[PDB]
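Notes follow the structure.
Values below: all heavy atoms of this structure, side chains included; hydrogens, waters and symmetry mates excluded. Throughout, residue positions are numbered sequentially from 1 according to the sequence presented. Order of listing sets the numbers, starting from 1, for every ligand and every atom in it.
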Amino acid sequence: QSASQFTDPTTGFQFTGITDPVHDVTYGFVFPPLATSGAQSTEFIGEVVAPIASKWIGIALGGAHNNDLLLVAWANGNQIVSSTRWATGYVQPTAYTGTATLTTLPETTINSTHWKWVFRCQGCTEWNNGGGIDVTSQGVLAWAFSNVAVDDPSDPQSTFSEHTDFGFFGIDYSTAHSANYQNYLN
Ligand code: HEM
Ligand SMILES: *[C@@H]1O[C@H](CO)[C@@H](O[C@@H]2O[C@H](CO)[C@@H](O)[C@H](O)[C@H]2NC(C)=O)[C@H](O)[C@H]1NC(C)=O
């Protein structure tokens, strides 16, 4: 599948991403301006817009279960619980030990039918294994989905069972940058 540009109609934030038609989950990403000199920023802003039937959602930042930064989130009442994770060998991802700070942004909204997780991911383009994403080129993202609740929803590091579905999408990171990024942070 292929990402495209869309505007969130309530916040006005502009993202690049997809809606999975099976679970009707929207995934969106937006990056700060490309640097004219020096290194690129290592942060981005994302969102997951998920029906309440979605018990946990994962984003795989290099498109794979293994050897890449994973973001996991679920709703627990009127709060989003989230974490950064990492796996090798196809087992339960555990807490990531690198430098990546996930912050839930105030646009985050939980209503009677959906949870809309809007987040800032600092240090999320470069990982402590030396890998990461190249924000000037084309890559693959993946998502993972479960309709079964995690073992303990109040614990950000809760265990849980394997996803019931996963999927992939191509993204042109070069076109996912926004002049309005700094405004999204305010
Ligand atoms: C206990 C929890 C989990 C278990 C046991 C598990 C296990 C697995 C297994 C066995 C596969 C291969 C499935 C196949 O090809 O038939 C896989 C694939 C995948 N998993 Fe997980 N997973 C778990 C959680 C997660 C999480 C939290 C994420 C992302 C946030 C994730 C992302 C992926 C992705 C993107 C694939 C497909 C690409 C690949 O083969 O690497 N998984 N997982
Ligand atoms: C709960 O939140 C979702 C996501 O914002 C709302 O669904 C969206 O509603 C806007 C209109 O404001 C539409 O333009 C989008 O197409 C909708 N998105 C999705 C994923 O359906 C939803 O209406 C809210 N529900 C309630 C009861 O307020």
Atom 21 (Fe) of ligand 1: protein N, O or S atoms that are less than 2.8 Å away, sorted by chain:
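N, O, S partners closer than 2.8 Å: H65 ND1, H163 NE2.
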Nearest-neighbour protein heavy atom for [atom], which is reported as residue plus atom name and distance:
| atom | value |
| --- | --- |
| atom 1 (C) of ligand 1 | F160 O, 3.2 Å |
| atom 4 (C) of ligand 2 | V49 CG1, 4.0 Å |
| atom 5 (O) of ligand 2 | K116 NZ, 3.9 Å |
| atom 12 (O) of ligand 2 | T10 OG1, 4.2 Å |
| atom 35 (C) of ligand 1 | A142 CB, 3.3 Å |

Do you see a donor-acceptor pair shorter than 3.5 Å between the side chains of [X] and [Y]?
| X | Y | answer |
| --- | --- | --- |
| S154 | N76 | no |
| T19 | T26 | yes |
| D151 | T159 | yes |
| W117 | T104 | yes |
| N183 | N186 | no |
| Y181 | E43 | yes |

Considering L61, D68, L70, which one's heavy-atom position lies nearest to atom 29 (C) of ligand 1?
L70
Heavy-atom proximity to atom 15 (C) of ligand 2 ranks first, among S112, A50, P9, for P9
Tell me whether [atom] lies less than 4.0 Å from at least one protein heavy-atom position.
| atom | answer |
| --- | --- |
| atom 8 (C) of ligand 2 | no |
| atom 2 (O) of ligand 2 | yes |
| atom 20 (C) of ligand 2 | yes |
| atom 42 (N) of ligand 1 | yes |

Keeping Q5 on the side-chain end and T175 on the backbone end, is there a donor-acceptor pair under 3.5 Å?
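Side chain of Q5 to backbone of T175, a donor-acceptor pair under 3.5 Å: yes, one is there.
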Heavy-atom gap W143 to ligand 1 smaller than 4.0 Å:
no
Would you mind listing which atoms of ligand 2 come within a distance below 4.0 Å of any non-hydrogen atom of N111?
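With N111 as reference, the close atoms of ligand 2 come out as 1 (C), 2 (O), 3 (C), 22 (C), 24 (C), 25 (N), 26 (C), 28 (O).
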Taking 4.0 Å as the limit for heavy-atom contacts, which would you say applies to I59 with ligand 1: side chain only, backbone only, both, or neither?
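Within the 4.0 Å criterion, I59 contacts ligand 1 through backbone atoms alone.
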